[PDB]
Each structure stands twice: as structure tokens, then as C-alpha cells.
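This report concerns only the one structure given below.
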Amino acid sequence: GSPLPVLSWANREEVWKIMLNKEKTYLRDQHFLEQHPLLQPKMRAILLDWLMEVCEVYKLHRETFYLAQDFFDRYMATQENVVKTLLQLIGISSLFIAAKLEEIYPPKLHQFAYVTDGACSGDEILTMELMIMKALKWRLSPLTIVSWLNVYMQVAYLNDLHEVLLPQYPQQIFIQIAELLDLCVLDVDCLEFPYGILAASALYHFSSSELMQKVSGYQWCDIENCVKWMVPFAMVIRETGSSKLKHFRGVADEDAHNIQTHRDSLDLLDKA
Amino acid sequence: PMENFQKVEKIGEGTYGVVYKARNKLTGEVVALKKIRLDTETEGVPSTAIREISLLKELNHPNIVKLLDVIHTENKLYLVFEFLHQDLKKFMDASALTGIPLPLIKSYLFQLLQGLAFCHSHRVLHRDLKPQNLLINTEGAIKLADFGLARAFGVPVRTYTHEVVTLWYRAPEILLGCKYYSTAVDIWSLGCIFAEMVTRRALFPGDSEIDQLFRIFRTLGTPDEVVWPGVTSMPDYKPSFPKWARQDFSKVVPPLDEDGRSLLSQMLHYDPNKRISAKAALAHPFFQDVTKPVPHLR
Ligand SMILES: CC(C)NC(=O)O[C@@H]1CC[C@H](c2cc(Nc3ccccn3)n[nH]2)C1
């Protein structure tokens, strides 16, 4: 059920349904690391945590980040039997495609090789980007974990003229929720729950099933599962206290919440 | 890989890459090919290419030009599109003496808005609508082409690439330096093109961002905080701008019934908020002939 207000450009239900219909075509399998029998979960975690760090230093977008995750996890479930060595290249190749897609002034191929400290060179990355893109069947327009959280935060600030286009919402709360998702993603069992719900789920932990419902549409039931699954990950964010929105003098202000960030999260994922 | 396709004739090489018309030898199937020279690229497969592919993959509609396949060989990528014979400028030019039948103007505008309405609900802006990128076939269809400068808009849109859209077809909010932007920029293009189709002459042939604004103003009237709230505080607004009276639309596009001349004015409202939508355009009385309503559940 559509939590969008009366839209001007199209039918609010039409728009929401397309968005929903999209999150089908786009498929993920929490248990894909069994087709690569030599591959372990705790691996995927450390790779994703690496990508964040790199996204931070280059002031990349969270969105860019999540496009990387999504390209990774979708691509692997089209592959079989892969080695730990290959994963540094498949992730940063994924990210490269995203960066090219989402940024205005993306980082240059060498800077992407650079970070690999030799282990991947620009030429390898250029080959990979192409096996990846031919393996997702050129489907590089998924609604991302963060993509929803932005939707939901915007729908949480309605005012009178139900203007859903100009972003009007507080950064510190967004950041605080992101932090919880930016963890949740490290464990592979989240692919079980659609990104719609993961995003809902997390928002409920910083609010209530009433906001959740008016922003997302999802009923207390639709989430209960992932809000059960997500419980562990919440405690840990709450135990430490939640983050302060930083500013990176590169980045403007009305974008500072959209810049991806990092904290060990090693110690934190373990505590579940 | 490419073994079934006989390049027959090249149709264009511009900001798009290369583009030759091809034959399918076994079939008599005529497609458009876009060649992309991968070797030449330091930065791997272009940003503009990865976009236009994944968008067109999920933008299947009869008034959008169809992506049909993507083929990688020997450090050359090939996009393979549905083919159409003429572009809307060379047509508009061919019919510059005769006029264009108002039947066909109306029909064409209609089909464009259905394409645009499709993109916008699919949360995608063209950002380079211009007669060059409007393709017509011999059965009287017209269709959006060239999604290199297109871009999805996260429903709470963020700041996108400042300088977009060819100067003439470019909207006053982009010229006056607006921060965020959305669906209303496409409409202004289409409105410029309606008027073009009517007068077989571009509505605002500016030779600069300054000339473009002033050319606009001389026709639509120097705008104030009345017709367009915010305008005065906007970055490239100068209190210096001369003042011009909006003009009668019966002079600016003489051949056009009130039903048209209204529609056009709402398509060229200065205020993007107030500017008409794609979907709502279809409703307008102008399409009274092609308009056939349905019901409404609450
Ligand atoms: C504006 C265009 C050149 N660029 C573009 O990106 O178009 C798309 C890619 C190619 C495909 C396509 C071309 C095509 N023939 C024609 C015939 C006359 C004029 C222009 N093109 N039919 N279909 C559509």
C-alpha cells in the first residue's frame, strides 16, 4: 500500500507500483555463498567494510556504495566457485561502475587501481566491469537500501503542499539510521528481506510502527521478521551511542548526510 | 558476434558516438547500430553509455526508441536500436514552405507526451529533447531518442549536473541558475518544439545564456516575484534585466486554436511548480479529438 501523497507529474499509485515492480526483476539470494563452497560469509563483510572506507576518503555517495553491494551480490549468484583473491577485484570493479553511474566527477581509473596497492591494475578492472555488466544483463538501476531511506525520510516531512521532490528533512537522524543499515548489510542474511523492508525495519528502530506505516505503507507484520532479525544490530548502535554528522570541506552542506562513512564495525557485527 | 549485420549507410556521428544503419542479412531486418570504440577510452565503458543502456533496458514503450541488444567484440561495444528513417528537424525543414498539418502536429505532440509521461513515472528526465532527438517512421509514429544526457531522480531529487539541454531548448530555471531540478525542464523543450512545429521556426534561438533569457523574456515578459515566486532571489537573476510585456499568443504562434494557445502557455509557465505535467497535458481540451476518458476509483 502506497505511502506517497497525491503526485503532480504522475499517478502516486502508478509511481509506487513501478518502484515496487522494480524490486522484483531485481533479485538477491542470502544463501549464494554455497555455490562457491570455498567462500565464507565473514569474507563478504570485510570487503563491503573496505569499500565504505574507500567511498569515504573519495567523498563518494552512500547510493554509489549500495550500488556496489548490489552489483556484487547479484553478480556472484550468476557465478560459481570463486577464490578469495578474486573478490578484491570484483568489488572495486563493481564500485567503479557505480561511481561512473552516480557521481558527477567520479574518481579516475588509476585512483581505483591505486587503492588495490598493485593487486588490481586498471586493465584488469576494465575487463571485470564488462563481465559484471554482461552478467547483471545491464540491469544497473536497482532501488538501493539507502535509496528507500531517502524516500521514507522525505515522506516523513510532508508540510501542506505535499512536495515530494525538494529534499526537506534533518541530516543527523538520516545519518543515525544509515549507520544501522550500513552495518545490517555486512551479514548476508539481509538479502532475505527486501531493501524496502530493511529500510522500513531500521526506521522503526529510531521511531515507531506508526511513522514506519505512514512513510513506507508496510504493516507491523510485513517487517516483524527483519525487525526481529535486526534487533541484535540495533542494541550495538544504541550501546555505543549514535554518530555526529561530520562535514568534509570538499562537500557542500545540503549533501553532507549523503557522503558514505566508516567505523571499525568489525567489533560491532560480531556482538550479534 | 556481429556476423549477421551489413552496415548499409551511416546516419550520424555526434555527442552519441558513431551511428550506422545496419541490415540483418538472413531477415531483411533494418536496425540502428551505435559503435563505441573501447580502446580509445582511458576510463573504460563511458559513464554516458552505462546509463543510456540500463535506463533503455527498463524504458520499454512505443514512443521511446527501443534498445534491442548489447554486443561486446574486439575492444568495440555495439548498441542495437529499433531504426527510423527521418529526424523531426529534417522533416520540419522539408515542410517549411507547405506547413505541417495541425492534425499531425497534435498527433505528434500527443505521442511525445506519452513517451515523456512514461519516462517521468519511471522517474527519468530526458534533459536533451530537441528535434534532432525526435525520430519519425513512415507509418506516422514519433519517438524519443538519445538518453546519453538522461538521469533518474530519487523521488526526493538531489542536485544534478548543472549545465544540461542545448541552449535554445533550455528552460529559464536552468538559465537563472536553479540548484535542484526535475520533470518541468523536459516540458519546456516540448513546448519550444510545439511552437517550432507550428511556426516552422525555433521559438528562442539564443546565441548565449544571456541572449536566451532575454529572447525568452521579450516573448513571455520579464518575470517578477508575482508570476514566479523565488525568481528575484535566484542566483543569476539580476535586478538589471530590462522589462518586456508578455505578448498575445495569437501573434507568437498565429495558426493555433485557443485550445492549443492555452496548452502552450501552461507548458511555458515560468514557475516549474506551476508548469503543466506530461500526464495532465494529455487531459487538455486540445486533444479533445484524441482525448477519450476512463473512470476513477477513490
Ligand atoms: C539523434 C540520434 C542520431 N542519436 C541517438 O542517440 O539515437 C539513438 C541511438 C540510435 C537509435 C536510432 C537512430 C535511427 N536513425 C536516425 C535517422 C535519422 C536521424 C537520426 N537517427 N533510428 N534509431 C536511436
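Ordered as shown in the C-alpha cells, chains take letters A, B, and onward, while each chain numbers its residues from 1 and ligands are numbered from 1 in the order shown.
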Write out as a ChimeraX atom specification every residue belonging to chain A that has an atom at most 6 Å from any atom of chain B, counting only C-alpha atoms.
-> /A:9-10,15,100-101,109,126,138-140,164-167
Dump N, CA, C and O atoms for the selected residues as a PDB file, in the first residue's frame?
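Final output, saved to out_9.pdb:
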```pdb
ATOM      1  N   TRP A   9       3.208  14.979 -11.360  1.00  0.00           N
ATOM      2  CA  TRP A   9       3.872  14.536 -12.619  1.00  0.00           C
ATOM      3  C   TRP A   9       3.290  13.203 -13.112  1.00  0.00           C
ATOM      4  O   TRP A   9       3.286  12.982 -14.358  1.00  0.00           O
ATOM      5  N   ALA A  10       2.819  12.363 -12.174  1.00  0.00           N
ATOM      6  CA  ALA A  10       2.215  11.030 -12.428  1.00  0.00           C
ATOM      7  C   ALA A  10       1.261  10.576 -11.303  1.00  0.00           C
ATOM      8  O   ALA A  10       1.096  11.300 -10.302  1.00  0.00           O
ATOM      9  N   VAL A  15       3.455   5.363  -9.832  1.00  0.00           N
ATOM     10  CA  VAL A  15       4.890   5.561  -9.481  1.00  0.00           C
ATOM     11  C   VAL A  15       5.324   4.500  -8.481  1.00  0.00           C
ATOM     12  O   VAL A  15       6.390   3.884  -8.703  1.00  0.00           O
ATOM     13  N   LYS A 100      31.032   5.791 -11.641  1.00  0.00           N
ATOM     14  CA  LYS A 100      30.805   6.287 -13.034  1.00  0.00           C
ATOM     15  C   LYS A 100      29.333   6.682 -13.201  1.00  0.00           C
ATOM     16  O   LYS A 100      29.075   7.685 -13.916  1.00  0.00           O
ATOM     17  N   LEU A 101      28.439   5.921 -12.553  1.00  0.00           N
ATOM     18  CA  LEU A 101      26.958   5.999 -12.685  1.00  0.00           C
ATOM     19  C   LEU A 101      26.417   7.163 -11.841  1.00  0.00           C
ATOM     20  O   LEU A 101      25.604   7.968 -12.389  1.00  0.00           O
ATOM     21  N   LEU A 109      40.338   5.967 -13.322  1.00  0.00           N
ATOM     22  CA  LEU A 109      40.579   4.503 -13.268  1.00  0.00           C
ATOM     23  C   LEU A 109      41.798   4.238 -12.380  1.00  0.00           C
ATOM     24  O   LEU A 109      41.678   3.392 -11.487  1.00  0.00           O
ATOM     25  N   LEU A 126      38.925  -2.902 -15.949  1.00  0.00           N
ATOM     26  CA  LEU A 126      38.232  -2.615 -17.240  1.00  0.00           C
ATOM     27  C   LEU A 126      37.645  -3.890 -17.861  1.00  0.00           C
ATOM     28  O   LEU A 126      36.605  -3.754 -18.539  1.00  0.00           O
ATOM     29  N   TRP A 138      23.033  -5.885 -17.830  1.00  0.00           N
ATOM     30  CA  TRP A 138      22.982  -4.405 -17.967  1.00  0.00           C
ATOM     31  C   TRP A 138      21.798  -3.842 -17.139  1.00  0.00           C
ATOM     32  O   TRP A 138      21.072  -2.919 -17.605  1.00  0.00           O
ATOM     33  N   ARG A 139      21.578  -4.395 -15.947  1.00  0.00           N
ATOM     34  CA  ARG A 139      20.472  -4.004 -15.048  1.00  0.00           C
ATOM     35  C   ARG A 139      21.115  -3.323 -13.852  1.00  0.00           C
ATOM     36  O   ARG A 139      21.500  -4.031 -12.910  1.00  0.00           O
ATOM     37  N   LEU A 140      21.310  -2.012 -13.935  1.00  0.00           N
ATOM     38  CA  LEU A 140      22.251  -1.296 -13.037  1.00  0.00           C
ATOM     39  C   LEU A 140      21.534  -0.116 -12.390  1.00  0.00           C
ATOM     40  O   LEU A 140      22.206   0.883 -12.030  1.00  0.00           O
ATOM     41  N   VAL A 164       7.143  16.318  -2.772  1.00  0.00           N
ATOM     42  CA  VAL A 164       7.936  15.078  -2.548  1.00  0.00           C
ATOM     43  C   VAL A 164       9.266  15.184  -3.311  1.00  0.00           C
ATOM     44  O   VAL A 164      10.033  14.209  -3.240  1.00  0.00           O
ATOM     45  N   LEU A 165       9.550  16.316  -3.981  1.00  0.00           N
ATOM     46  CA  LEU A 165      10.735  16.481  -4.877  1.00  0.00           C
ATOM     47  C   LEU A 165      11.880  17.230  -4.165  1.00  0.00           C
ATOM     48  O   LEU A 165      12.968  16.633  -4.079  1.00  0.00           O
ATOM     49  N   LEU A 166      11.674  18.466  -3.682  1.00  0.00           N
ATOM     50  CA  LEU A 166      12.679  19.228  -2.875  1.00  0.00           C
ATOM     51  C   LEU A 166      12.983  18.473  -1.573  1.00  0.00           C
ATOM     52  O   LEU A 166      12.109  18.392  -0.707  1.00  0.00           O
ATOM     53  N   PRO A 167      14.212  17.922  -1.358  1.00  0.00           N
ATOM     54  CA  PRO A 167      14.547  17.249  -0.101  1.00  0.00           C
ATOM     55  C   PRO A 167      14.481  18.236   1.079  1.00  0.00           C
ATOM     56  O   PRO A 167      15.147  19.276   1.087  1.00  0.00           O
TER      57      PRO A 167
END
```
Please identify all protein, DNA and RNA residues within 6 Å of ligand 1, counting only C-alpha atoms and all ligand atoms, and report them as a PDB file with C-alpha atoms, in the first residue's frame.
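The new file pocket-v7.pdb reads:
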```
ATOM      1  CA  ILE B  11      23.188   8.274 -40.285  1.00  0.00           C
ATOM      2  CA  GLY B  12      25.125  10.343 -37.678  1.00  0.00           C
ATOM      3  CA  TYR B  16      26.267   9.998 -29.101  1.00  0.00           C
ATOM      4  CA  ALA B  32      20.280   1.303 -35.969  1.00  0.00           C
ATOM      5  CA  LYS B  34      25.782   2.766 -32.191  1.00  0.00           C
ATOM      6  CA  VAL B  65      13.152   4.216 -29.271  1.00  0.00           C
ATOM      7  CA  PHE B  81      18.276   0.069 -31.598  1.00  0.00           C
ATOM      8  CA  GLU B  82      14.904  -0.002 -33.406  1.00  0.00           C
ATOM      9  CA  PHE B  83      15.509   2.067 -36.649  1.00  0.00           C
ATOM     10  CA  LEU B  84      13.520   5.082 -38.004  1.00  0.00           C
ATOM     11  CA  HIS B  85      14.092   6.842 -41.365  1.00  0.00           C
ATOM     12  CA  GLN B  86      13.913  10.662 -40.725  1.00  0.00           C
ATOM     13  CA  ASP B  87      14.510  13.014 -37.708  1.00  0.00           C
ATOM     14  CA  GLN B 132      17.380  16.181 -33.725  1.00  0.00           C
ATOM     15  CA  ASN B 133      16.441  13.558 -30.992  1.00  0.00           C
ATOM     16  CA  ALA B 145      15.842   9.018 -28.857  1.00  0.00           C
ATOM     17  CA  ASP B 146      19.315   9.768 -27.279  1.00  0.00           C
TER      18      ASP B 146
END
```
For residue 170 (chain B), work out the shell of residues within 8 Å, counting only C-alpha atoms and skipping chain neighbours fewer than 3 positions away, then give it as a ChimeraX atom specification.
-> /B:164-167,174-175,185,188-189
Please write the residues from the selection above to a file, keeping C-alpha atoms, as a PDB file, in the first residue's frame.
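The new file out_18.pdb reads:
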```pdb
ATOM      1  CA  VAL B 164      22.323  20.344 -19.446  1.00  0.00           C
ATOM      2  CA  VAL B 165      19.989  20.747 -22.521  1.00  0.00           C
ATOM      3  CA  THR B 166      21.022  22.625 -25.766  1.00  0.00           C
ATOM      4  CA  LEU B 167      20.734  26.405 -25.203  1.00  0.00           C
ATOM      5  CA  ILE B 174      18.407  26.251 -15.545  1.00  0.00           C
ATOM      6  CA  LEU B 175      19.484  29.570 -17.142  1.00  0.00           C
ATOM      7  CA  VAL B 185      12.671  21.030 -17.783  1.00  0.00           C
ATOM      8  CA  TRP B 188       9.792  23.455 -21.713  1.00  0.00           C
ATOM      9  CA  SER B 189      11.753  21.687 -24.506  1.00  0.00           C
TER      10      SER B 189
END
```
Please indicate the distance in Å from CA of residue 30 (chain A) to CA of residue 131 (chain A), rounded to one decimal place.
->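 That distance, rounded to one decimal, is 22.1 Å.
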For residue 207 (chain B), which of B:23, B:168, B:287, B:195 is the closest residue, counting only C-alpha atoms?
->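 Looking at the shortest contact to residue 207 (chain B), the residue is B:168.
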Select from region 74-150 of chain A everything DSSP, run on the backbone, classes as alpha helix (DSSP H), then give the selection as JSON, numbers by chain.
-> {"A": [74, 75, 76, 84, 85, 86, 87, 88, 89, 90, 91, 92, 93, 94, 95, 96, 97, 98, 99, 100, 101, 102, 109, 110, 111, 112, 113, 114, 115, 122, 123, 124, 125, 126, 127, 128, 129, 130, 131, 132, 133, 134, 135, 145, 146, 147, 148, 149, 150]}
Please give the complete set of residues from region 42-234 of chain B that DSSP, run on the backbone, assigns to strand (DSSP E), formatted as a ChimeraX atom specification.
-> /B:67-73,76-82,86-87,124-125,134-136,142-144,151-152
Writer output for current selection, N, CA, C and O atoms, as a CSV table (one decimal), in the first residue's frame:
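Final output, saved to result27.csv:
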```csv
chain,number,residue,atom,x,y,z
B,67,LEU,N,16.0,-0.1,-27.3
B,67,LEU,CA,17.2,-0.9,-27.2
B,67,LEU,C,16.9,-2.4,-27.5
B,67,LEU,O,15.8,-2.8,-26.9
B,68,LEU,N,17.6,-3.1,-28.3
B,68,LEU,CA,17.2,-4.5,-28.7
B,68,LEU,C,18.3,-5.5,-28.3
B,68,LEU,O,18.0,-6.7,-28.3
B,69,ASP,N,19.6,-5.0,-28.0
B,69,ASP,CA,20.7,-5.9,-27.8
B,69,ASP,C,21.9,-5.1,-27.5
B,69,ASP,O,22.0,-3.9,-27.9
B,70,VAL,N,22.9,-5.7,-26.8
B,70,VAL,CA,24.2,-5.0,-26.4
B,70,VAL,C,25.3,-6.1,-26.7
B,70,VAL,O,25.2,-7.2,-26.2
B,71,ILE,N,26.3,-5.8,-27.6
B,71,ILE,CA,27.3,-6.8,-28.2
B,71,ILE,C,28.7,-6.2,-28.0
B,71,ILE,O,29.0,-5.1,-28.5
B,72,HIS,N,29.5,-7.0,-27.3
B,72,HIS,CA,31.0,-6.7,-27.0
B,72,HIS,C,31.9,-7.6,-27.9
B,72,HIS,O,31.7,-8.8,-27.7
B,73,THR,N,32.7,-7.0,-28.7
B,73,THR,CA,33.7,-7.7,-29.5
B,73,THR,C,35.0,-6.8,-29.6
B,73,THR,O,34.8,-5.6,-29.8
B,76,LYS,N,35.4,-3.2,-29.0
B,76,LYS,CA,34.4,-2.3,-29.6
B,76,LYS,C,33.0,-2.8,-29.0
B,76,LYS,O,32.7,-4.0,-29.1
B,77,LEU,N,32.2,-1.9,-28.4
B,77,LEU,CA,30.9,-2.2,-27.9
B,77,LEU,C,29.9,-1.7,-29.0
B,77,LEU,O,30.2,-0.7,-29.7
B,78,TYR,N,28.7,-2.4,-29.1
B,78,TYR,CA,27.7,-2.1,-30.1
B,78,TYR,C,26.3,-2.1,-29.4
B,78,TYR,O,25.9,-3.1,-28.8
B,79,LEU,N,25.7,-0.9,-29.4
B,79,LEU,CA,24.2,-0.8,-29.0
B,79,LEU,C,23.5,-1.0,-30.3
B,79,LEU,O,24.0,-0.5,-31.4
B,80,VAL,N,22.3,-1.7,-30.3
B,80,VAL,CA,21.5,-2.1,-31.4
B,80,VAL,C,20.0,-1.7,-31.1
B,80,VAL,O,19.4,-2.4,-30.3
B,81,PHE,N,19.6,-0.6,-31.8
B,81,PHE,CA,18.3,0.1,-31.6
B,81,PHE,C,17.3,-0.2,-32.8
B,81,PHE,O,17.8,-0.2,-33.9
B,82,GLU,N,16.0,-0.3,-32.5
B,82,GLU,CA,14.9,0.0,-33.4
B,82,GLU,C,15.3,1.2,-34.3
B,82,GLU,O,15.9,2.1,-33.8
B,86,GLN,N,13.7,9.2,-40.7
B,86,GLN,CA,13.9,10.7,-40.7
B,86,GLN,C,13.9,11.1,-39.3
B,86,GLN,O,13.4,10.4,-38.4
B,87,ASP,N,14.5,12.3,-39.0
B,87,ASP,CA,14.5,13.0,-37.7
B,87,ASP,C,13.6,14.2,-37.8
B,87,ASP,O,13.3,14.7,-39.0
B,124,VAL,N,12.7,9.4,-14.7
B,124,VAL,CA,13.8,9.6,-15.6
B,124,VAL,C,13.5,10.9,-16.4
B,124,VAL,O,12.4,11.1,-16.9
B,125,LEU,N,14.5,11.8,-16.5
B,125,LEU,CA,14.5,13.0,-17.2
B,125,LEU,C,15.3,12.8,-18.5
B,125,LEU,O,16.5,12.3,-18.4
B,134,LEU,N,14.2,13.6,-31.9
B,134,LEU,CA,12.8,13.1,-32.2
B,134,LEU,C,12.7,12.4,-33.6
B,134,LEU,O,13.0,13.1,-34.5
B,135,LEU,N,12.6,11.1,-33.6
B,135,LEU,CA,12.6,10.3,-34.8
B,135,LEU,C,11.2,9.8,-35.1
B,135,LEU,O,10.5,9.4,-34.2
B,136,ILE,N,10.9,10.0,-36.4
B,136,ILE,CA,9.6,9.7,-37.1
B,136,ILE,C,9.7,8.5,-38.1
B,136,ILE,O,10.7,8.6,-38.8
B,142,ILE,N,6.1,8.9,-33.9
B,142,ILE,CA,7.2,9.8,-33.5
B,142,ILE,C,7.7,9.3,-32.1
B,142,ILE,O,6.9,8.8,-31.3
B,143,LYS,N,9.0,9.4,-31.8
B,143,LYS,CA,9.6,8.6,-30.6
B,143,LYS,C,10.9,9.3,-30.1
B,143,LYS,O,11.7,9.7,-30.9
B,144,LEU,N,11.0,9.3,-28.8
B,144,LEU,CA,12.2,9.9,-28.0
B,144,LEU,C,13.4,9.0,-28.3
B,144,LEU,O,13.2,7.8,-28.2
B,151,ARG,N,19.0,10.7,-16.8
B,151,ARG,CA,19.3,10.6,-15.4
B,151,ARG,C,18.0,10.4,-14.5
B,151,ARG,O,17.1,11.2,-14.7
B,152,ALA,N,18.0,9.3,-13.7
B,152,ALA,CA,16.9,9.0,-12.8
B,152,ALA,C,16.9,10.0,-11.6
B,152,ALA,O,18.0,10.6,-11.4
```
Find the residues near region 243-247 of chain A: any atom within 9 Å, counting only C-alpha atoms, skip ones fewer than 6 places away on the same chain, and give them as a ChimeraX atom specification.
-> /A:171-172,175-176,179,237,253,256-257
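Close contacts of residue 153 (chain A), defined as residues with an atom at most 8 Å away when counting only C-alpha atoms, with chain neighbours fewer than 6 positions off set aside, comprise residues 169, 174 and 215 of chain A.
CA of residue 39 (chain A) is positioned 21.0 Å from CA of residue 272 (chain A).
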Non-local contacts of region 215-223 of chain B (7 Å; only C-alpha atoms; under 2 positions in same chain excluded) as a PyMOL selection string | chain B and resi 204+206+211-213+227-228+242-247
May I have the residues within 9 Å of residue 191 (chain B) as an NGL selection string, using only C-alpha atoms and disregarding those fewer than 2 positions away in the same chain?
-> :B and (169 or 186-189 or 193-196 or 263-268)
Have a look at A:130, A:60, A:156, A:252 and name the one nearest to residue 170 (chain A); count only C-alpha atoms.
->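 Among A:130, A:60, A:156, A:252, it is A:156 that comes nearest to residue 170 (chain A).
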